[PDB]
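*Asks:* got the complex split up, this is the first portion:
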Amino acid sequence: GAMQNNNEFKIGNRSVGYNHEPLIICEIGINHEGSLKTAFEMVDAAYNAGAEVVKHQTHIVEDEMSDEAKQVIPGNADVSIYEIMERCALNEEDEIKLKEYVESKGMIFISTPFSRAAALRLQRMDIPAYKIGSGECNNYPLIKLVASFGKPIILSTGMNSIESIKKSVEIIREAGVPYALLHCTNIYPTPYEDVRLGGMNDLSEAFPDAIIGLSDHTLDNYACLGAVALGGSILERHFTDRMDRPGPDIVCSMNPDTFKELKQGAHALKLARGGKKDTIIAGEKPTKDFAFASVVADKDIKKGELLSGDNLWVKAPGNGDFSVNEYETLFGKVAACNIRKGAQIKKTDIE
C-alpha cells in the first residue's frame, strides 16, 4: 500500500508522484566523453525521442576526489576514477552552454553534483531540482549543502541501508524541501537478479512522505517497467544517441528507440497499476449478463412436486428469476405448475 499515495512535488512545471505520469530522466551523465559536440548530439537524440528531462553529472575533479582517487579503478573500467572524470568533465562554461541547449529544446535540465564546488556551480545556474547519486547518499555534509538551496531533491539510494538513508532524509526534511527516493543498484551493468524491485516498497514504508522511483543500470527496460507497475513515479537510465559510442556507462544506456519503448510502457502501466479488486467495471456488464448462471429445471417437474438438487441445475445466461446464488434456497419449494426440463425457474413456478 505504501507506494500508492498522494505524495507529489514539481520540477519546474512538471508534477511528479504516484498520481502523475511517470517521469523518465535521460541521464547523459559522462556519456559525452568530455565533448560538448557529442553532448549536443545526445541532447538532440533525447529531444527527438520525446524526452522531458536531460540529467547531467557535474564534475569538478579537485573538489570531488583526493589524490587517492588516482590509484583506484571502478568495476566497469580499467583506469582510475580520477582519469575517467578528468577526461569526461565539462568545465563551467561548457556546462552552462549544455543547460541552455537542453532548455532551448523545451526540456528540463537537472544535474548530479559530485562535490561542494559542483553544487555551488549548479546553484549559480539555478537548476530546478538536484539529483544526489548513490555514491553521495551517505555524504551528509554535501546533502546538507544541497538541501540548503531550497529545491526538490531526488536521492538515489544504492549501496545504502534504510538506516543510512534516514540520516539523509532527516537533513532534507529539516531544510523543508520535497524529495524523491530512487531505489538503485550500482553495478554497471546490473544483473536482473540484483535489482530487488521490492526495495521500492521498503523505502516507501520507511519514508511515507517520499516520492518513490527507480534508477537503473540493467541492459534493458524490464526493471523500469516493473518499477512502474509497483507504483514508481521517476525512472532513470543512462542515455546515449547510439549504442556504438565509447564510454564505461554506454553498455547500460537506453537509446532513442528504447527510450520511446519505455515511455510507451510507462504510460500503459501508469494506467494499469494499482486500483482495487472490488471496483465495478461498467464495460463488463454485457459479459455478466450473458455469462452468469440462472436456475433451470434439470428434469420435467410435475405440479405439486418438490424442487431439489436432483431436479434443478444452473446454466447461463443471467436473466432468470433465480441466480445461482439462490439455487439452494429453492430446495423444498413446491412446483405451482408443470415445469419443463431445461426451462429457467420462474417466480410463478413456485408456491
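*Replies:* Done, it's in. Numbering: from 1, shown residues only, chains lettered A, B, ... in the order given.
*Asks:* Let me see the contact set for the spatially most central residue of chain A.
*Replies:* Residue closest to the mean C-alpha point of chain A, counted by Cα atoms, centre = their mean, is residue A:232 at 2.7 Å. The neighbourhood of residue A:232, defined by Cβ atoms under 8 Å, 6 or more residues apart in numbering, consists of A:3, A:22, A:200, A:212-214, A:224. Yep, even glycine has a C-beta here, placed from its N, CA and C like the rest.
*Asks:* What about these, which are in helices?
*Replies:* Counting by DSSP state H, the contacts of residue A:232 place A:200, A:224 in helices.
*Asks:* quick revisit: return the distance of the residue nearest to the centre of chain A relative to residue A:287.
*Replies:* When Cβ to Cβ, to the nearest Å is the yardstick, residue A:232 and residue A:287 sit 32 Å from each other.
*Asks:* what does residue A:276 give?
*Replies:* Residue A:276 is 19 Å from residue A:287, by Cβ to Cβ.
*Asks:* how close does the spatially closest residue to residue A:297 that is not a sequence neighbour sit to residue A:213?
*Replies:* Closest residue to residue A:297 apart from its sequence neighbours, by Cβ to Cβ, 6 or more residues apart in numbering: residue A:339 at 4.7 Å. The gap separating residue A:339 from residue A:213 is 63 Å, by Cβ to Cβ.
*Asks:* Counting neighbours, go ahead and name the busier of these two.
*Replies:* Ranked by neighbour count (other Cβ atoms under 10 Å), residue A:339 and residue A:213 place residue A:213 first, with 32 against 24.
*Asks:* can I assume residue A:181 sits in a strand?
*Replies:* Yes - the assignment for residue A:181 is a strand, going by DSSP: H, G, I helix; E, B strand; the rest coil.
*Asks:* Thought residue A:208 was touching it, still the case?
*Replies:* No - with contacts counted by Cβ atoms under 8 Å, residue A:181 stays clear of residue A:208, the gap being 11.1 Å.
*Asks:* Chain B goes on too:
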Amino acid sequence: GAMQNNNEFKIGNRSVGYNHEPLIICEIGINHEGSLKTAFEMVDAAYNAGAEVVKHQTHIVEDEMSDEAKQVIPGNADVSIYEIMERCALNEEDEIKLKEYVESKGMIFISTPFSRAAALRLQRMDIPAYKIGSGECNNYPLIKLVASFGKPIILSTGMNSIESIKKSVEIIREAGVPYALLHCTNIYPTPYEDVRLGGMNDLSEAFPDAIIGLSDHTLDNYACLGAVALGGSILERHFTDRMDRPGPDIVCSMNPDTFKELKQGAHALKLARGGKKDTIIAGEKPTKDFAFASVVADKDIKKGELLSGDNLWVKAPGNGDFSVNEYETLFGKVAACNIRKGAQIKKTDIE
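*Replies:* Okay, here's chain B dropped in alongside the others:
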C-alpha cells in the same frame, strides 16, 4: 507483502508459485473456430514458440446454456452467445484428439469447463488441473463438482467481488485441493485503465494460501509483465498462430512472437522482483570503494590547531582512516602534526 510467499502446487510435473518460474497459459479457447485443423495449427505455433501449457475451452452447449442464450449477444460480437458456442464447440472425439496432440508436443493440456457435462468429460480425460473462467467464478454448484475431482483449480475472478470469491474458495478448501486465483477483467479487449493490477494484492491479502496471477484481455504484454513484477505466478492470454484469423477473441490474443516476448520478460522480472532494500550486493563493492567519501583537510592545518568544520571536508574515495560518517566526530581534535590541504585525515594526524 502478501504476494511474496511460499505457496505452491504442481500441474503435472510443473511447479507454480512465487518461488517458481512464472507459467504462461496459452489459451487457444475458441480461436480454432470449431476446426481441429486450425486448433492443431495453433498448437504447433505454441509449441514452436516455447509454450509449456495449452488451455482449451470445453463447450457442451446444451448443458452450459438454456434457450435464453439464443437471445443474448456478447459485448465483442454481433450474434448470440449460443450461435458462437455452437459454431466453435469441439465434440468429445475431437477434443480428445486435441489433448493427445498437445501432449504429443510435450506440452500440458488443461481446459475450462463451462458446464457440468464439460467437467465430467474432462474428468474422463483425466486432465492435471482445471481452470474455472470468470463467468463461472460464482457458479458454486459447478465449482463444487470440479473440486470433487481432486485436481488443482485455477480460478479466474473477473466480475466478482472478494465477498463472492470467498464462497468459491471455501468450496475449494473443503475439497482439499490447492488453488490459484487469477485477477481478471472480462472486456474483450480490456483498456489499460480497467486492469487494476492492485487487485492481485487484494486477492493475496484476502486469501493467503492462494497462488496468485493474472488472466488478461488487453491488446499487449504490458499488463502481464506488470503482474510478474508484482509477484504473479501464472499469466494467461488468449493465443493464436496468427493475428489475421477470424474470431471474437483474436483481437486480444498473443501470437508466437509476442508469447516469446512475454516469456522473456516474465523471466527477467521473476529475477528482478521482490527482495529487500538492505540486502548487500557483492558486485557493488568496487563502486563503494571508489565512490564513498573520506575526511580530508580543507586547509593547511598547523600542529596544535583544532580540527573543525572550517578546516575539514569530505571527498572520494573511501579508503581514508575517517569516513564521512565520522566527519563531525573529528571537530575539536588536535592536529598532532602539520596537515596538508587536500590530504586525507589519518589517525596519526590527531592527538
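*Asks:* about what we covered before: name the helix or strand for the residue nearest to the centre of chain A, please.
*Replies:* Assigned by DSSP states H and E, residue A:232 belongs to neither a helix nor a strand.
*Asks:* And it, how far from residue A:145?
*Replies:* From residue A:232 to residue A:145 the distance is 28 Å (Cβ to Cβ).
*Asks:* Run a quick neighbour tally on the residue in the stretch 1-150 of chain A that chain B sits nearest to.
*Replies:* Closest contact between the stretch 1-150 of chain A and chain B, by Cβ to the nearest Cβ, is at residue A:135 (3.1 Å). If you count neighbours by other Cβ atoms under 10 Å in any protein chain shown, residue A:135 ends up with 25.
*Asks:* With adjacent residues omitted, what lies nearest to residue A:112?
*Replies:* In space, and not counting its chain neighbours, residue A:112 is closest to residue A:131: 4.3 Å by Cβ to Cβ, 6 or more residues apart in numbering or on different chains.
*Asks:* Does residue A:27 lie in a helix or a strand, and which?
*Replies:* Per DSSP H and E, residue A:27 falls inside strand A:23-29.
*Asks:* Pull the residues that contact that strand.
*Replies:* Residues outside strand A:23-29 that contact it (Cβ atoms under 8 Å, 6 or more residues apart in numbering or on different chains): A:11, A:14, A:16, A:39, A:42-43, A:46, A:51-57, A:110, A:131, A:154, A:213, A:215, A:224, A:233-240, A:249, A:254, A:259, A:262-263, A:266.
*Asks:* Likewise for stretch A:291-298?
*Replies:* Here stretch A:291-298 makes contact (Cβ under 8 Å, 6+ apart) with A:310-324, A:326-327, A:330, A:339-345, B:66, B:68, B:81, B:133-136, B:138-139, B:142, B:159, B:186.
*Asks:* Counting only strands, which of those make the cut?
*Replies:* Judged by DSSP state E, the subset of these located in strands is A:312-315.
*Asks:* And those residues, which is closest to residue B:73?
*Replies:* Of all the ones in strands among the contacts of stretch A:291-298, residue B:73 sits closest to residue A:315, with 17.4 Å by Cβ to Cβ.
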